[PDB]
Amino acid sequence: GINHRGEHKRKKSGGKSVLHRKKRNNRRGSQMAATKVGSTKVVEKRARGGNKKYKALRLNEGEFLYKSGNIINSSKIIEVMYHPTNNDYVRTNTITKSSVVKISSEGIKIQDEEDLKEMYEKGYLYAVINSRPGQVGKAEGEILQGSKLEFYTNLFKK
Amino acid sequence: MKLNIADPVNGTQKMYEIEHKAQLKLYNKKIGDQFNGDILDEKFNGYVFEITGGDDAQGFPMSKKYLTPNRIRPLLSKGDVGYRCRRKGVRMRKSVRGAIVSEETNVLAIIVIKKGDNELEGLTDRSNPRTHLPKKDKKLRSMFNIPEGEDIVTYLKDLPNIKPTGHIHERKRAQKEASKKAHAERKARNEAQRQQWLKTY
Amino acid sequence: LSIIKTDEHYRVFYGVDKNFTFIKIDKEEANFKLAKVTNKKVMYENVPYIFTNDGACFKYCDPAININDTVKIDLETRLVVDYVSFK
RNA sequence: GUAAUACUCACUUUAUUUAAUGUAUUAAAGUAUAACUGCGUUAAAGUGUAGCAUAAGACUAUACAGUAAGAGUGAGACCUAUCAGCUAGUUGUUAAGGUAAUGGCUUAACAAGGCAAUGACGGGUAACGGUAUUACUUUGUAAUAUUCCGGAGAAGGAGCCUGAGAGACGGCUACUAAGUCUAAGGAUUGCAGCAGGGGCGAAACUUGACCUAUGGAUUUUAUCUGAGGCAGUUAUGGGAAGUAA
Ligand SMILES: [Mg+2]
Ligand SMILES: [Mg+2]
Ligand SMILES: [Mg+2]
Ligand SMILES: [Mg+2]
Ligand SMILES: [Mg+2]
Ligand SMILES: [Mg+2]
Ligand SMILES: [Mg+2]
Ligand SMILES: [Mg+2]
Ligand SMILES: [Mg+2]
Ligand SMILES: [Mg+2]
């Protein structure tokens, strides 16, 4: 269906290329699975020689880590704020790797810092994903603190 | 059409023939729907009947899940109605018939739910005896209340022989405990070496 | 290799002209076996290990045995008995 | 079919997967369908409804060796100027998806790069690459379907299931070119496998016996084996010899 071969592309000089064999099963691809937000759902895959893969169609209640106090706690996922490569994913609410989100601060026990205090009055905090959702099958990430919060907030919608 | 009927409580099945003027009553009825036997004949008064299968004039069977009057050709797989497999994972096309009953139905398979007034001389009268017994000892002991666990002997004392399967499941259950005996003593031998290995160093 | 009948034992190594030979040996040599270490590291739960050429694993050996030294396998208790260093 | 991505040689894979093998570590009552019995169907090819039908089975995880395979870098290889400019996912940066895995392999955003008289880009081949092996030679040329290693295809194209490993064709689905059976409703075929027939040509053999020896199928002493042996037809060639003393 979808191949990853290299025999079809042009040469370094720009001349055309010619094929001599059919499509092999060794280089075999799949379509994109866009992980949405909703009620949870996980389907299984079969890879080469056993080795089962997990893909997540609709994800909820991802895990996150507090960097200062060094504890890990679960939270809900509300909205997406920024996506690096394509800016259309923010209106469709798809979660991929390295895309910042907005999480509930209910179970989280935060320390007293100047920056997080004003958002902690409301329910929301910020986090950034660090795991492949479509292949591992679950999201994990870090909570934004310090100058890392200064970098992303210049890129927000405003 | 000629109807096929069977008795689930008696184990007898028989065939019968319909007049033509009762055949138009049975049109547009999905497989799996009950109907009263009064509209078919006067002989079948008080009878409750249910449709469960049928064949075509060319021999093609009728499916359950397709909901059409005419012929269809789907890609069947293992276990469906119409295709009996001979290899593994090998699926192919066939030709089946839809669920609803029209003028091209040739025979019908009909179950008996509730007996009417009159008894059938060949269907409802005689009973056919059962033929096979379970091999599992736990349900074999429930029908014949014997506590001393002489399954073949007390059946010979009751005397058609039945061969139980309690010997087979006992064999691998003995072999499963056989591994745990030899595996556990292995953990003692390396620990006696380990404490001895740390005495010098 | 040996036959249980007739008490015949042989050691297998090459001759002189790159061919396989079989040399009859004694019962005092019939016990043991020689091999050569290729790799050594510490496995799970802090247990040392030494890996030979054929793929046997051995633990809790003498710390004076290095990566390239040879061992002497008893072949009946499957325990490392003697070693010869590399120099 | 492919003028090089295929092949040969020298390197890398900390960027990857491996059923059957070897040595080790770990863990441990309930629930279907067959064969069977019994009622049937159609020209054929195949298929259906019952007997709460009834059996054996199914609901541990990893290391390191060992075989097998995938993916990269560089160098070599026919004729043509009456073929001198060529290339736009083309060259690069950032980010993501996907694969067992590196990578414009695919997609967003930005930029203008990349190759050439040391022959780019085109055209032709009556072109499968090396090699064991033959000739002719004073630094080496020419042939190499033929023994062995490697690659590609099963009328032409595309797509996929099972599986450790197939884009498989003595496995399945569709279209195109050729068909065959019928009670006219439908059903069905791939001899570049061994014999054999037809066509084409100047041009090439028995519709034969068998597991004796070498091997393969998860222990191969009795199962299978047109793989592989043993015989018949032919001035394809090379030897040891005859037709007298
Ligand atoms: Mg049944
Ligand atoms: Mg683009
Ligand atoms: Mg050649
Ligand atoms: Mg042909
Ligand atoms: Mg093949
Ligand atoms: Mg092939
Ligand atoms: Mg094919
Ligand atoms: Mg064939
Ligand atoms: Mg032939
Ligand atoms: Mg000839």
# chains A, B, ... in the order shown; residues from 1 in each chain; ligands from 1
$ residues_near_ligand --ligand "ligand 5" --cutoff "9 Å" --atoms "only C-alpha atoms (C1' of nucleotides) and all ligand atoms" --output "PyMOL selection string"
chain D and resi 154+166+168-169
$ residues_near_ligand --ligand "ligand 3" --cutoff "8 Å" --atoms "only C-alpha atoms (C1' of nucleotides) and all ligand atoms" --output "NGL selection string"
:D and (129-130 or 144)
$ residues_near_ligand --ligand "ligand 10" --cutoff "12 Å" --atoms "only C-alpha atoms (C1' of nucleotides) and all ligand atoms" --output "JSON, numbers by chain"
{"D": [202, 203, 204, 205, 234, 235, 236]}
$ write_last_selection --atoms "C-alpha atoms (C1' of nucleotides)" --output "PDB file, in the first residue's frame"
ATOM      1  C1'   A D 202      18.227 -24.702 -41.726  1.00  0.00           C
ATOM      2  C1'   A D 203      17.991 -26.679 -36.648  1.00  0.00           C
ATOM      3  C1'   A D 204      17.434 -30.696 -31.302  1.00  0.00           C
ATOM      4  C1'   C D 205      15.296 -37.682 -27.801  1.00  0.00           C
ATOM      5  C1'   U D 234      20.922 -40.035 -31.981  1.00  0.00           C
ATOM      6  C1'   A D 235      27.955 -39.786 -36.597  1.00  0.00           C
ATOM      7  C1'   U D 236      27.837 -33.918 -30.104  1.00  0.00           C
TER       8        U D 236
END
$ residues_near_ligand --ligand "ligand 4" --cutoff "12 Å" --atoms "only C-alpha atoms (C1' of nucleotides) and all ligand atoms" --output "PyMOL selection string"
chain D and resi 154-156+190-192
$ residues_around --residues "residue 213 of chain D" --least-positions-apart "5" --cutoff "12 Å" --atoms "only C-alpha atoms (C1' of nucleotides)" --output "ChimeraX atom specification"
/D:228-230
$ residues_around --residues "segment 162-170 of chain B" --least-positions-apart "5" --cutoff "8 Å" --atoms "only C-alpha atoms (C1' of nucleotides)" --output "list in words"
residues 133, 135, 136, 137, 151 and 152 of chain B
$ atom_distance --atom1 "atom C1' of residue 193 of chain D" --atom2 "atom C1' of residue 174 of chain D"
28.5 Å
$ decode --residues "segment 38-150 of chain A" --atoms "C-alpha atoms" --output "mmCIF file, in the first residue's frame"
data_model
loop_
_atom_site.group_PDB
_atom_site.id
_atom_site.type_symbol
_atom_site.label_atom_id
_atom_site.label_comp_id
_atom_site.auth_asym_id
_atom_site.auth_seq_id
_atom_site.Cartn_x
_atom_site.Cartn_y
_atom_site.Cartn_z
ATOM 1 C CA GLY A 38 -12.354 12.061 24.336
ATOM 2 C CA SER A 39 -13.248 8.798 25.991
ATOM 3 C CA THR A 40 -10.287 6.427 26.037
ATOM 4 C CA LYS A 41 -9.667 3.833 23.306
ATOM 5 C CA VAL A 42 -6.663 1.603 22.493
ATOM 6 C CA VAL A 43 -6.307 -0.843 19.574
ATOM 7 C CA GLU A 44 -3.461 -3.311 19.004
ATOM 8 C CA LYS A 45 -1.130 -3.805 16.046
ATOM 9 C CA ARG A 46 0.915 -6.696 14.678
ATOM 10 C CA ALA A 47 4.491 -5.981 13.635
ATOM 11 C CA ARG A 48 7.233 -8.006 11.973
ATOM 12 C CA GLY A 49 7.917 -11.176 13.937
ATOM 13 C CA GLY A 50 5.427 -10.765 16.768
ATOM 14 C CA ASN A 51 6.339 -7.591 18.696
ATOM 15 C CA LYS A 52 2.901 -6.086 19.248
ATOM 16 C CA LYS A 53 2.478 -2.323 18.905
ATOM 17 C CA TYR A 54 -0.232 -0.231 20.551
ATOM 18 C CA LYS A 55 -1.928 2.740 18.910
ATOM 19 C CA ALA A 56 -4.316 5.121 20.646
ATOM 20 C CA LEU A 57 -7.199 6.660 18.738
ATOM 21 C CA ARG A 58 -8.732 8.758 21.534
ATOM 22 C CA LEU A 59 -6.648 9.569 24.604
ATOM 23 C CA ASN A 60 -7.504 10.947 28.038
ATOM 24 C CA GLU A 61 -5.926 11.369 31.522
ATOM 25 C CA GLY A 62 -2.254 11.457 30.573
ATOM 26 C CA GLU A 63 0.540 11.195 33.125
ATOM 27 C CA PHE A 64 2.827 14.110 33.979
ATOM 28 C CA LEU A 65 5.815 14.825 36.220
ATOM 29 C CA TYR A 66 6.458 17.723 38.588
ATOM 30 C CA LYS A 67 10.087 18.743 38.185
ATOM 31 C CA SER A 68 10.676 20.664 41.415
ATOM 32 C CA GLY A 69 9.050 18.384 43.979
ATOM 33 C CA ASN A 70 9.843 15.235 41.926
ATOM 34 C CA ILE A 71 6.467 13.469 42.115
ATOM 35 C CA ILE A 72 4.248 12.046 39.369
ATOM 36 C CA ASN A 73 0.472 12.491 39.276
ATOM 37 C CA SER A 74 -2.366 12.097 36.799
ATOM 38 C CA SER A 75 -4.416 14.959 35.375
ATOM 39 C CA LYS A 76 -7.038 15.542 32.701
ATOM 40 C CA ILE A 77 -6.401 17.091 29.286
ATOM 41 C CA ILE A 78 -8.440 20.106 28.198
ATOM 42 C CA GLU A 79 -7.026 22.014 25.226
ATOM 43 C CA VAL A 80 -3.948 22.288 23.021
ATOM 44 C CA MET A 81 -2.064 25.569 22.838
ATOM 45 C CA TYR A 82 0.700 25.088 20.285
ATOM 46 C CA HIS A 83 1.869 22.605 17.664
ATOM 47 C CA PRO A 84 5.220 23.127 15.903
ATOM 48 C CA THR A 85 4.964 21.881 12.323
ATOM 49 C CA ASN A 86 1.297 22.392 11.374
ATOM 50 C CA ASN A 87 -0.901 25.068 12.905
ATOM 51 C CA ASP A 88 -4.165 23.419 11.872
ATOM 52 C CA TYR A 89 -3.971 20.745 14.582
ATOM 53 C CA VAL A 90 -5.015 23.231 17.261
ATOM 54 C CA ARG A 91 -8.525 23.578 15.833
ATOM 55 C CA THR A 92 -8.994 19.817 15.434
ATOM 56 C CA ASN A 93 -7.483 18.933 18.866
ATOM 57 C CA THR A 94 -4.959 16.254 17.912
ATOM 58 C CA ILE A 95 -2.186 15.274 20.334
ATOM 59 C CA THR A 96 1.249 14.362 18.997
ATOM 60 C CA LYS A 97 4.809 14.537 20.257
ATOM 61 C CA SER A 98 6.053 17.895 21.611
ATOM 62 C CA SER A 99 2.771 19.830 21.609
ATOM 63 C CA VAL A 100 1.885 21.828 24.701
ATOM 64 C CA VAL A 101 -1.474 21.360 26.422
ATOM 65 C CA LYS A 102 -3.647 22.617 29.267
ATOM 66 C CA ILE A 103 -4.291 20.347 32.259
ATOM 67 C CA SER A 104 -6.431 20.409 35.393
ATOM 68 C CA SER A 105 -4.682 21.326 38.642
ATOM 69 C CA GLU A 106 -6.971 19.403 41.002
ATOM 70 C CA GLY A 107 -4.830 16.579 42.344
ATOM 71 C CA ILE A 108 -1.573 18.468 41.861
ATOM 72 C CA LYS A 109 0.054 19.915 44.979
ATOM 73 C CA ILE A 110 2.229 22.786 43.790
ATOM 74 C CA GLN A 111 4.860 24.809 45.644
ATOM 75 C CA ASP A 112 4.613 28.595 46.008
ATOM 76 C CA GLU A 113 6.226 30.194 42.960
ATOM 77 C CA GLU A 114 5.488 33.593 41.458
ATOM 78 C CA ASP A 115 4.572 32.452 37.952
ATOM 79 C CA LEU A 116 2.351 29.444 38.615
ATOM 80 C CA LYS A 117 0.322 31.218 41.313
ATOM 81 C CA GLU A 118 -2.041 33.150 39.046
ATOM 82 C CA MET A 119 -3.019 30.097 37.009
ATOM 83 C CA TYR A 120 -3.298 27.984 40.167
ATOM 84 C CA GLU A 121 -6.159 30.197 41.338
ATOM 85 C CA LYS A 122 -8.035 28.809 38.366
ATOM 86 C CA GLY A 123 -8.034 25.145 37.469
ATOM 87 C CA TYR A 124 -5.481 25.099 34.706
ATOM 88 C CA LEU A 125 -1.753 24.412 34.346
ATOM 89 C CA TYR A 126 0.568 23.780 31.403
ATOM 90 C CA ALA A 127 2.438 20.681 30.247
ATOM 91 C CA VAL A 128 4.354 19.465 27.191
ATOM 92 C CA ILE A 129 4.186 15.927 25.796
ATOM 93 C CA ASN A 130 7.390 13.920 25.389
ATOM 94 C CA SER A 131 6.254 10.472 24.202
ATOM 95 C CA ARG A 132 5.101 9.118 20.847
ATOM 96 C CA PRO A 133 1.334 8.669 21.245
ATOM 97 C CA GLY A 134 0.584 6.573 18.175
ATOM 98 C CA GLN A 135 3.243 3.935 18.826
ATOM 99 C CA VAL A 136 3.754 3.727 22.586
ATOM 100 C CA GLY A 137 0.049 4.194 23.281
ATOM 101 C CA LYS A 138 0.136 6.615 26.227
ATOM 102 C CA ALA A 139 1.258 10.181 26.872
ATOM 103 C CA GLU A 140 3.857 11.342 29.383
ATOM 104 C CA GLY A 141 5.439 14.737 29.838
ATOM 105 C CA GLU A 142 6.771 17.534 32.011
ATOM 106 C CA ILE A 143 5.235 20.554 33.719
ATOM 107 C CA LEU A 144 6.421 23.941 32.442
ATOM 108 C CA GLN A 145 8.527 25.856 34.974
ATOM 109 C CA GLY A 146 10.963 28.734 34.786
ATOM 110 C CA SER A 147 12.452 30.024 31.547
ATOM 111 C CA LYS A 148 10.905 27.126 29.626
ATOM 112 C CA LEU A 149 7.595 28.855 30.306
ATOM 113 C CA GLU A 150 9.093 32.094 28.997
#
